[PDB]
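Reviewing the structure listed below.
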Amino acid sequence: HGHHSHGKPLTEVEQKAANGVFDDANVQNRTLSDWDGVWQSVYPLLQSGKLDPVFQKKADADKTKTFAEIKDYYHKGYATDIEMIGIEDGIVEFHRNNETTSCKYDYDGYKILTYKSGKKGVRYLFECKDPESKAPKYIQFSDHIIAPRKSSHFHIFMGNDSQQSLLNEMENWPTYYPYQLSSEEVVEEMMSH
Ligand code: NI
């Protein structure tokens with residue numbers, strides 16, 4: 001200590017929401033600034049073998065999967081060449097093999113998704129309307145939050161076809177944690193929930 005936590009403790013309603021249990025009437029619009037900061041892809045952590053304990057734990061609990069099946073699922077899930085994303089002043093900047101593209105994204109609302117389990121998630125949609133940018137036309141953030149609050153980590157869906165295409169995406173879900181975390185810290189956070 002230090003001060004090891006951040007930031008306000010979750011209310012019971014927020015903890016349920018973070019776990020996919022919420023009333024649609026409680027979902028609110030957010031702005032891009034909820035994702036401000038500098039963000040690291042988790043994919044190299046998978047590749048370095050640092051996430052192997054996450055996968056083994058799962059393989060043990062699940063009689064129907066092997067470690068190899070589980071790790072391959074996450075390999076495809078996290079795979080991206082966008083090692084770092086920077087968000088500031090309304091602009092998303094994607095770093096991809098030390099090459100950057102960026103756009104000042106426009107917000108396009110949220111979409112509430114329901115799963116066969118009964119649980120739900122919220123996607124926050126943005127669109128690039130800058131004809132000079134090479135950044136993806138459509139992006140969506142998915143994190144544990146349904147109302148204005150700074151994100152702890154997220155999936156970001158990206159493409160040039162439609163928002164619906166991203167709502168439907170099952171196989172690839174590039175995932176990002178705060179850049180300043182140690183790999184150990186990222187693994188702890190992944191493991192924590
Ligand atoms: Ni999470």
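Every chain in the structure tokens has a letter given in the order shown (A, B, ...), and although residue numbers restart at 1 in each chain, ligands are simply numbered from 1 in the order shown.
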So that I can see what lies close to residue A:180, please list as a VMD selection string the residues with an atom at most 10 Å from it, counting only C-alpha atoms and leaving out residues fewer than 5 positions away in the same chain. chain A and resid 37 to 40 185 to 186
Within 9 Å of ligand 1: each chain A residue with its shortest pair, only C-alpha atoms and all ligand atoms, as JSON lines:
{"residue": "A:18", "atom": "CA", "partner": "ligand 1", "partner_atom_place_in_ligand_line": "1 (Ni)", "distance": 8.3}
{"residue": "A:19", "atom": "CA", "partner": "ligand 1", "partner_atom_place_in_ligand_line": "1 (Ni)", "distance": 8.9}
{"residue": "A:143", "atom": "CA", "partner": "ligand 1", "partner_atom_place_in_ligand_line": "1 (Ni)", "distance": 6.5}
{"residue": "A:144", "atom": "CA", "partner": "ligand 1", "partner_atom_place_in_ligand_line": "1 (Ni)", "distance": 6.4}
{"residue": "A:152", "atom": "CA", "partner": "ligand 1", "partner_atom_place_in_ligand_line": "1 (Ni)", "distance": 8.3}
{"residue": "A:153", "atom": "CA", "partner": "ligand 1", "partner_atom_place_in_ligand_line": "1 (Ni)", "distance": 6.6}
{"residue": "A:154", "atom": "CA", "partner": "ligand 1", "partner_atom_place_in_ligand_line": "1 (Ni)", "distance": 7.0}
{"residue": "A:155", "atom": "CA", "partner": "ligand 1", "partner_atom_place_in_ligand_line": "1 (Ni)", "distance": 8.6}
{"residue": "A:189", "atom": "CA", "partner": "ligand 1", "partner_atom_place_in_ligand_line": "1 (Ni)", "distance": 8.2}
{"residue": "A:190", "atom": "CA", "partner": "ligand 1", "partner_atom_place_in_ligand_line": "1 (Ni)", "distance": 6.6}
{"residue": "A:192", "atom": "CA", "partner": "ligand 1", "partner_atom_place_in_ligand_line": "1 (Ni)", "distance": 8.7}
{"residue": "A:193", "atom": "CA", "partner": "ligand 1", "partner_atom_place_in_ligand_line": "1 (Ni)", "distance": 6.6}
Can I get the selection written as a tab-separated table (two decimals), in the first residue's frame, with N, CA, C and O atoms?
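Written output follows (selection_16.tsv):
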chain	number	residue	atom	x	y	z
A	18	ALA	N	-22.52	-6.12	-14.41
A	18	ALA	CA	-21.22	-6.60	-14.83
A	18	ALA	C	-21.24	-8.10	-15.13
A	18	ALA	O	-20.46	-8.58	-15.93
A	19	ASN	N	-22.17	-8.83	-14.51
A	19	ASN	CA	-22.29	-10.28	-14.73
A	19	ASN	C	-23.41	-10.67	-15.72
A	19	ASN	O	-23.79	-11.83	-15.80
A	143	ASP	N	-17.80	-4.05	-22.68
A	143	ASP	CA	-17.10	-4.22	-21.40
A	143	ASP	C	-18.13	-4.57	-20.32
A	143	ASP	O	-19.24	-4.99	-20.63
A	144	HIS	N	-17.82	-4.36	-19.07
A	144	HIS	CA	-18.77	-4.79	-18.02
A	144	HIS	C	-19.75	-3.73	-17.55
A	144	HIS	O	-20.37	-3.86	-16.49
A	152	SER	N	-12.66	-0.76	-17.50
A	152	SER	CA	-11.50	-1.46	-16.91
A	152	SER	C	-10.77	-2.30	-17.96
A	152	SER	O	-9.59	-2.53	-17.84
A	153	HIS	N	-11.52	-2.79	-18.95
A	153	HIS	CA	-10.99	-3.62	-20.05
A	153	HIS	C	-12.12	-3.90	-20.99
A	153	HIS	O	-13.28	-3.81	-20.62
A	154	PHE	N	-11.80	-4.20	-22.24
A	154	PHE	CA	-12.87	-4.39	-23.22
A	154	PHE	C	-12.53	-5.30	-24.35
A	154	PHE	O	-11.36	-5.56	-24.62
A	155	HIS	N	-13.57	-5.78	-25.02
A	155	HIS	CA	-13.44	-6.26	-26.40
A	155	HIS	C	-13.72	-5.08	-27.30
A	155	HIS	O	-14.65	-4.28	-27.02
A	189	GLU	N	-6.29	-9.90	-13.15
A	189	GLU	CA	-7.58	-9.30	-13.47
A	189	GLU	C	-8.44	-10.24	-14.33
A	189	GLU	O	-9.63	-10.44	-14.06
A	190	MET	N	-7.82	-10.88	-15.33
A	190	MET	CA	-8.51	-11.88	-16.13
A	190	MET	C	-9.06	-13.02	-15.29
A	190	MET	O	-10.16	-13.51	-15.49
A	192	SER	N	-9.82	-12.90	-12.18
A	192	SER	CA	-10.62	-12.47	-11.03
A	192	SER	C	-12.12	-12.57	-11.24
A	192	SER	O	-12.86	-12.44	-10.27
A	193	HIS	N	-12.57	-12.71	-12.48
A	193	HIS	CA	-13.98	-12.68	-12.76
A	193	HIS	C	-14.29	-13.44	-14.06
A	193	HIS	O	-13.42	-14.00	-14.69
Do a neighbour search on stretch 107-117 of chain A at 10 Å with only C-alpha atoms, toss out local chain neighbours closer than 3 positions, and write the hits as a ChimeraX atom specification. /A:20,24,27-32,104,120-128,138-141,146,163-164,167-168
Restricting the output to N, CA, C and O atoms, write the selected residues as a tab-separated table (two decimals), in the first residue's frame.
chain	number	residue	atom	x	y	z
A	20	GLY	N	-23.98	-9.68	-16.40
A	20	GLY	CA	-24.94	-9.90	-17.49
A	20	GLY	C	-26.37	-9.98	-17.02
A	20	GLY	O	-27.25	-10.51	-17.75
A	24	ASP	N	-33.14	-3.67	-18.80
A	24	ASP	CA	-32.87	-2.82	-19.97
A	24	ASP	C	-33.11	-1.35	-19.68
A	24	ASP	O	-32.41	-0.50	-20.25
A	27	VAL	N	-29.94	0.72	-18.75
A	27	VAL	CA	-28.86	0.94	-19.72
A	27	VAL	C	-28.91	2.40	-20.17
A	27	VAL	O	-29.97	2.92	-20.56
A	28	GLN	N	-27.77	3.05	-20.13
A	28	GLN	CA	-27.64	4.42	-20.57
A	28	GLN	C	-26.57	4.59	-21.61
A	28	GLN	O	-25.58	3.83	-21.67
A	29	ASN	N	-26.73	5.65	-22.39
A	29	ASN	CA	-25.73	6.06	-23.34
A	29	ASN	C	-24.41	6.41	-22.63
A	29	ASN	O	-24.41	6.81	-21.47
A	30	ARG	N	-23.30	6.16	-23.34
A	30	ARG	CA	-21.95	6.52	-22.86
A	30	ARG	C	-21.27	7.30	-23.97
A	30	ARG	O	-21.74	7.31	-25.10
A	31	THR	N	-20.18	7.98	-23.63
A	31	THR	CA	-19.36	8.69	-24.60
A	31	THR	C	-18.03	7.99	-24.74
A	31	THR	O	-17.62	7.14	-23.90
A	32	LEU	N	-17.31	8.38	-25.78
A	32	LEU	CA	-16.09	7.71	-26.14
A	32	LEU	C	-15.10	7.86	-25.03
A	32	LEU	O	-14.26	6.98	-24.85
A	104	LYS	N	-11.60	10.35	-35.73
A	104	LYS	CA	-12.45	10.98	-34.70
A	104	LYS	C	-13.85	10.40	-34.83
A	104	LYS	O	-14.64	10.85	-35.64
A	120	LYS	N	-27.29	-11.01	-20.67
A	120	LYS	CA	-27.24	-9.95	-21.67
A	120	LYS	C	-25.94	-9.19	-21.64
A	120	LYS	O	-25.18	-9.19	-20.66
A	121	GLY	N	-25.69	-8.48	-22.71
A	121	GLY	CA	-24.52	-7.61	-22.78
A	121	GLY	C	-24.92	-6.35	-23.54
A	121	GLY	O	-25.93	-6.32	-24.24
A	122	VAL	N	-24.15	-5.28	-23.40
A	122	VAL	CA	-24.40	-4.05	-24.15
A	122	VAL	C	-23.17	-3.71	-25.02
A	122	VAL	O	-21.99	-3.82	-24.55
A	123	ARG	N	-23.44	-3.39	-26.28
A	123	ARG	CA	-22.46	-2.92	-27.22
A	123	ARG	C	-22.66	-1.41	-27.40
A	123	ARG	O	-23.80	-0.96	-27.50
A	124	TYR	N	-21.56	-0.65	-27.40
A	124	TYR	CA	-21.56	0.76	-27.64
A	124	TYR	C	-20.93	0.99	-28.99
A	124	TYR	O	-19.77	0.61	-29.23
A	125	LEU	N	-21.72	1.57	-29.89
A	125	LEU	CA	-21.41	1.67	-31.30
A	125	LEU	C	-20.88	3.05	-31.69
A	125	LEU	O	-21.38	4.09	-31.22
A	126	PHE	N	-19.84	3.04	-32.53
A	126	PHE	CA	-19.22	4.27	-33.07
A	126	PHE	C	-18.99	4.05	-34.57
A	126	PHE	O	-18.88	2.92	-35.05
A	127	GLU	N	-18.89	5.15	-35.29
A	127	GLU	CA	-18.74	5.12	-36.74
A	127	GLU	C	-17.75	6.17	-37.19
A	127	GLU	O	-17.78	7.28	-36.69
A	128	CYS	N	-16.87	5.81	-38.12
A	128	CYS	CA	-15.88	6.75	-38.67
A	128	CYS	C	-16.47	7.38	-39.93
A	128	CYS	O	-16.80	6.68	-40.88
A	138	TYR	N	-16.67	0.96	-38.67
A	138	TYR	CA	-17.56	0.68	-37.56
A	138	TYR	C	-16.77	0.05	-36.44
A	138	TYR	O	-15.97	-0.88	-36.68
A	139	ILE	N	-16.97	0.53	-35.22
A	139	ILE	CA	-16.41	-0.16	-34.06
A	139	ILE	C	-17.42	-0.28	-32.97
A	139	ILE	O	-18.36	0.51	-32.89
A	140	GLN	N	-17.24	-1.30	-32.11
A	140	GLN	CA	-18.09	-1.48	-30.95
A	140	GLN	C	-17.21	-1.89	-29.80
A	140	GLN	O	-16.33	-2.73	-29.96
A	141	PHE	N	-17.49	-1.30	-28.64
A	141	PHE	CA	-16.90	-1.66	-27.37
A	141	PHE	C	-17.87	-2.51	-26.61
A	141	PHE	O	-19.09	-2.25	-26.61
A	146	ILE	N	-22.80	-0.64	-18.19
A	146	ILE	CA	-24.04	-0.29	-18.92
A	146	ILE	C	-24.50	1.15	-18.76
A	146	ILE	O	-25.58	1.55	-19.23
A	163	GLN	N	-22.88	-2.35	-38.61
A	163	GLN	CA	-22.92	-2.64	-37.18
A	163	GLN	C	-23.50	-4.06	-36.88
A	163	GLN	O	-23.04	-4.76	-35.98
A	164	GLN	N	-24.50	-4.48	-37.64
A	164	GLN	CA	-25.08	-5.80	-37.47
A	164	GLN	C	-24.02	-6.89	-37.59
A	164	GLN	O	-24.07	-7.87	-36.86
A	167	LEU	N	-22.37	-7.10	-34.33
A	167	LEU	CA	-23.28	-7.77	-33.37
A	167	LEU	C	-23.25	-9.30	-33.52
A	167	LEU	O	-23.33	-10.02	-32.52
A	168	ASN	N	-23.08	-9.78	-34.75
A	168	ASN	CA	-23.06	-11.19	-35.05
A	168	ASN	C	-21.71	-11.89	-34.86
A	168	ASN	O	-21.63	-13.13	-34.99
Listing only residues of stretch 116-190 of chain A within 9 Å of stretch 47-62 of chain A, what is the closest atom pair and its distance in Å (to one decimal) for each, using only C-alpha atoms, sorted by chain and residue number ascending, as a Markdown table?
| residue | atom | partner | partner_atom | distance |
| --- | --- | --- | --- | --- |
| A:183 | CA | A:50 | CA | 7.7 |
| A:184 | CA | A:50 | CA | 8.1 |
| A:187 | CA | A:51 | CA | 6.6 |
| A:190 | CA | A:54 | CA | 8.1 |
In stretch 71-179 of chain A, what's strand (DSSP E) per DSSP? Answer as a PDB file with C-alpha atoms, in the first residue's frame?
ATOM      1  CA  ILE A  82      -3.257  -4.145 -33.261  1.00  0.00           C
ATOM      2  CA  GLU A  83      -0.958  -4.436 -30.274  1.00  0.00           C
ATOM      3  CA  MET A  84      -1.945  -1.043 -28.792  1.00  0.00           C
ATOM      4  CA  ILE A  85      -4.904   1.345 -29.027  1.00  0.00           C
ATOM      5  CA  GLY A  86      -4.762   5.009 -27.900  1.00  0.00           C
ATOM      6  CA  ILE A  87      -7.966   6.966 -27.128  1.00  0.00           C
ATOM      7  CA  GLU A  88      -7.932  10.670 -26.376  1.00  0.00           C
ATOM      8  CA  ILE A  91      -9.903  10.088 -31.493  1.00  0.00           C
ATOM      9  CA  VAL A  92      -9.178   6.335 -31.587  1.00  0.00           C
ATOM     10  CA  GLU A  93      -5.645   5.537 -32.808  1.00  0.00           C
ATOM     11  CA  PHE A  94      -4.822   1.918 -33.731  1.00  0.00           C
ATOM     12  CA  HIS A  95      -1.163   0.780 -33.541  1.00  0.00           C
ATOM     13  CA  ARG A  96      -0.464  -2.067 -35.891  1.00  0.00           C
ATOM     14  CA  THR A 100      -0.998   3.988 -37.000  1.00  0.00           C
ATOM     15  CA  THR A 101      -4.448   4.756 -38.365  1.00  0.00           C
ATOM     16  CA  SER A 102      -6.968   6.922 -36.532  1.00  0.00           C
ATOM     17  CA  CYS A 103     -10.385   8.530 -36.727  1.00  0.00           C
ATOM     18  CA  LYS A 104     -12.449  10.983 -34.703  1.00  0.00           C
ATOM     19  CA  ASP A 106     -19.067   9.544 -33.988  1.00  0.00           C
ATOM     20  CA  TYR A 107     -21.270   7.777 -31.387  1.00  0.00           C
ATOM     21  CA  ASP A 108     -24.130   5.715 -32.792  1.00  0.00           C
ATOM     22  CA  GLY A 109     -25.928   4.475 -29.693  1.00  0.00           C
ATOM     23  CA  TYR A 110     -26.028   1.166 -27.858  1.00  0.00           C
ATOM     24  CA  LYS A 111     -27.463  -2.257 -28.569  1.00  0.00           C
ATOM     25  CA  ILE A 112     -28.525  -4.747 -25.974  1.00  0.00           C
ATOM     26  CA  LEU A 113     -27.715  -8.393 -26.815  1.00  0.00           C
ATOM     27  CA  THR A 114     -29.407 -11.390 -25.216  1.00  0.00           C
ATOM     28  CA  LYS A 120     -27.241  -9.953 -21.669  1.00  0.00           C
ATOM     29  CA  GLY A 121     -24.519  -7.609 -22.784  1.00  0.00           C
ATOM     30  CA  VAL A 122     -24.396  -4.051 -24.154  1.00  0.00           C
ATOM     31  CA  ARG A 123     -22.462  -2.916 -27.216  1.00  0.00           C
ATOM     32  CA  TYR A 124     -21.561   0.760 -27.640  1.00  0.00           C
ATOM     33  CA  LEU A 125     -21.415   1.671 -31.304  1.00  0.00           C
ATOM     34  CA  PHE A 126     -19.218   4.266 -33.066  1.00  0.00           C
ATOM     35  CA  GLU A 127     -18.741   5.120 -36.736  1.00  0.00           C
ATOM     36  CA  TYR A 138     -17.560   0.680 -37.563  1.00  0.00           C
ATOM     37  CA  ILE A 139     -16.409  -0.160 -34.063  1.00  0.00           C
ATOM     38  CA  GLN A 140     -18.090  -1.476 -30.947  1.00  0.00           C
ATOM     39  CA  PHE A 141     -16.899  -1.658 -27.367  1.00  0.00           C
ATOM     40  CA  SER A 142     -18.067  -4.386 -25.088  1.00  0.00           C
ATOM     41  CA  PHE A 154     -12.865  -4.387 -23.215  1.00  0.00           C
ATOM     42  CA  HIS A 155     -13.436  -6.257 -26.397  1.00  0.00           C
ATOM     43  CA  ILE A 156     -13.383  -4.054 -29.447  1.00  0.00           C
ATOM     44  CA  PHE A 157     -15.188  -5.220 -32.620  1.00  0.00           C
ATOM     45  CA  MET A 158     -14.138  -3.576 -35.876  1.00  0.00           C
ATOM     46  CA  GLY A 159     -15.183  -3.820 -39.527  1.00  0.00           C
ATOM     47  CA  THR A 175      -9.275  -7.674 -26.077  1.00  0.00           C
ATOM     48  CA  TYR A 176      -7.507  -4.807 -24.298  1.00  0.00           C
ATOM     49  CA  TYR A 177      -6.411  -3.934 -20.778  1.00  0.00           C
ATOM     50  CA  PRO A 178      -4.760  -0.720 -19.509  1.00  0.00           C
TER      51      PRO A 178
END
